[PDB]
Amino acid sequence: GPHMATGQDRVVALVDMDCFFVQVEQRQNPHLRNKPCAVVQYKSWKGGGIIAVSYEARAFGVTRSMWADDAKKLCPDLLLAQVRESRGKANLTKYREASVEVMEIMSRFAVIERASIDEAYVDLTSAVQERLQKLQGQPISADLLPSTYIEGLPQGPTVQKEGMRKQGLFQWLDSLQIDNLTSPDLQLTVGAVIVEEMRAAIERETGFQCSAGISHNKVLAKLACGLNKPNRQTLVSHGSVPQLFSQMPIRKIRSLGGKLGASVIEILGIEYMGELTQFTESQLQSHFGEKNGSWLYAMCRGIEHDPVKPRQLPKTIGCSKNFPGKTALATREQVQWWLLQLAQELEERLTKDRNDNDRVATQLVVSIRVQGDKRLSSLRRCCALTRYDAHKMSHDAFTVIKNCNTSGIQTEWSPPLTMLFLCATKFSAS
DNA sequence: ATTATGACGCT
DNA sequence: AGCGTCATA
Ligand SMILES: [Ca+2]
Ligand SMILES: [Mg+2]
Ligand SMILES: [Mg+2]
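Calculation notes
- Residues numbered from 1 in each chain as written, not as in the entry; some residues may be left out.
- Chains lettered and ligands numbered in written order.
- Heavy atoms only, no water.
- UniProt positions renumbered as here; feature names shortened; annotations may be inferred.
- Near = heavy atom within 4 Å.
- Polar contact = N/O pair within 3.5 Å; in protein donor to acceptor, adjacent residues only side chain to side chain.
- Helix = DSSP H or I, 4+ residues; strand = E, 2+ residues; numbered from the N terminus.
- Nonpolar A, V, L, I, M, F, W, Y, C, P; charged D, E, K, R; others polar.
- Pairing = 2+ DSSP bridges.
- Axes fitted to C-alpha atoms, helices over the stretch in contact; angles between N-to-C directions.
- Parallel < 35°, antiparallel > 145°, perpendicular 65-115°, else oblique.
- Left-handed = near helix turned anticlockwise from the far one by under 90°.
- Contact = heavy atoms within 4.5 Å.
- Core = buried A, V, L, I, M, F, W, Y, C linked by side-chain atoms within 4.5 Å.
- Buried < 20%, exposed > 50% of the residue type's maximum accessible area, 1.4 Å probe, protein only.
- Domains from an automatic or database assignment.

We quote the UniProt Catalytic activity comment for chain A here in full: "DNA(n) + a 2'-deoxyribonucleoside 5'-triphosphate = DNA(n+1) + diphosphate". What UniProt records for chain A under Sequence similarities is the sentence "Belongs to the DNA polymerase type-Y family."

Shown next as structure tokens:
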């Protein structure tokens, strides 16, 4: 009753760019705008691999991971933009730089946590309190929420999409009690107003559209964001959780999309997130461990406490390349040449990072994959990163992996290498 | 023969 | 430390 926490203490948003790499390319090349199009890397093997897809192209069934030649079978008029290649490898600089554009705008509104190249969590709790003070018991107009969906509404006693959206929003606003500044539902609504403003700022100042979720924690904000894409935002209230979770596959919740999620389904014999409520905390801890068990017990009730971390910059800077099938590296010279290529890109990015962000990396991590190994990484070794110099870094990387070479012949490398990875870690202020 | 990333947990 | 899991475009 009165002592039962409800996880309604914070307002958290998740902002995620729509078909991000595609929008970056469409901004640059107006011929690609409002067309079925995709971004691809490499070209020789089956037309290149697709890594991002416009919503127009998704209507034909085009997806990420598809070979472009195969995508063309579904969508013959598909337009393509290629990722830049430098030093023999895909170079993602343009997209990293576009990401910084967006993150810097978001940072004007609130503390953000960079969750990937195109998404960030926002802790709006303080901003909401401030806005509520300005408002002074003043009602919130639907006009302030022109692209917001309220999950679960409309309900109870129009056949068009926008019509339904407004009906739900009207029901929601009709109900609100703007008289109480501590009302969680009111707080979420003010959060959503701010996020409309944030999203408008992003589009005005970059040209990029995005979707967003607004809820009381990161997991629900992430889930909410995906409910209405593209170019829309969704508010998931605490009260919406039981119905939302009653038919929500477990795998849709962040962190449950893999083996742990599969085990929750198998061991408990359930399919939907809501079904978890019937287990005690101790039962869940017994199967999934102390940490996971407590997390699941709260999460299935819509409660999660993971904080929005104050971190706008990536914690590592890495460079990696696969060498699949027949392209695997089989000579020492090959291995050294490609380590150099990677190290040169890494040096370039590190030097820029040091100038922009007043920090220096202190550890170099070297990782490789050997032909036959099912695992993505076969081996990982670290050494000191004491100078931003590509020849030194490549020489040092070779030193830490050279003993992996089975070949009795110094000149030959066996088993051939199917991946190389250099990563700078452990930053210190500079 | 998806590839190129990046955060965090376990022991 | 080195390995594994889960996630991004
Ligand atoms: Ca996105
Ligand atoms: Mg994303
Ligand atoms: Mg995606």
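Caption draft 1: Summary view of the protein's contact with DNA strand B. Close to DNA strand B lie 25 residues; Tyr42, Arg64, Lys309, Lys315 and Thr316 are nearest. Of everything in DNA strand B that lies within 4 Å of the protein, sugar and phosphate atoms constitute 69%. Between a base oxygen of DNA strand B and a side-chain N or O atom of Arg64, the distance comes to 2.7 Å. Note that a phosphate oxygen of DNA strand B is positioned 2.8 Å from one of the backbone N or O atoms of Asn322. If you tally residues by element for the surface near DNA strand B, the top one is strand β12 (residues 317–322), at six residues. Taken together, the residues of the surface near DNA strand B break down into eight nonpolar, eight polar and nine charged.

Caption draft 2: Main features of the sheet that holds strand β2 (residues 37–41). Here we have three strands laid out as an open sheet, ordered β3-β2-β4, and mixed in their pairing. The open sheet terminates on both sides in strands that have one partner only, identified here as β3 (49–53) and β4 (79–82). Sheet twist, expressed as the average angle between the axes of neighbouring strands with direction ignored, equals 35°. Relative to β4, β2 is paired through four bridges, and the arrangement is parallel.

Caption draft 3: Representation of the packing of helix α11 (residues 281–288) against helix α12 (residues 290–299) in the model. Where α11 meets α12, the axes come as close as 7 Å, and the angle between the chain directions of the two elements is 140°. The angle between α11 and α12 falls in the class oblique. For the element pair α11 and α12, the recorded crossing hand is right-handed. Here α11 contributes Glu281, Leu284, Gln285 and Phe288 to the contact with α12, which in turn contributes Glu290, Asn292, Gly293, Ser294, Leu296 and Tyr297. Of the residues assigned to the contact of α11 with α12, the class counts are four nonpolar, four polar and two charged.

Caption draft 4: Spatial organisation of the protein's contact with DNA strand C. Near DNA strand C lie 24 residues; those nearest to it are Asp118, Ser255, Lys259, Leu260 and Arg380. With respect to DNA strand C, the backbone of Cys382 contributes an N or O atom lying 3.4 Å from a phosphate oxygen. Among the elements of the structure, α1 (20–28), β3, α10 (259–268) and β15 (379–384) are those that each provide at least two residues to the surface near DNA strand C. Looking at which element gives the most residues to the surface near DNA strand C, the answer is β15, with four residues. Of the residues that constitute the surface near DNA strand C, the class distribution is ten nonpolar, four polar and ten charged.

Caption draft 5: Region of interest: the nonpolar core. Residues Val39, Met106, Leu124, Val190 and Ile202 are the most contacted members of the largest nonpolar core, which totals 53 residues. No other element matches helix α7 (residues 184–206), which puts ten residues into this core. Taken domain by domain, the makeup of this core includes at least three residues from each of domain 1 (1–18 + 89–249) and domain 2 (19–88). Here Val190 is in contact with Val128, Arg131, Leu132, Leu135 and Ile140, once residues within four sequence places are set aside. Membership of the second largest hydrophobic core comes to 31 residues, among which are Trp338, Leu385, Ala390 and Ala424.

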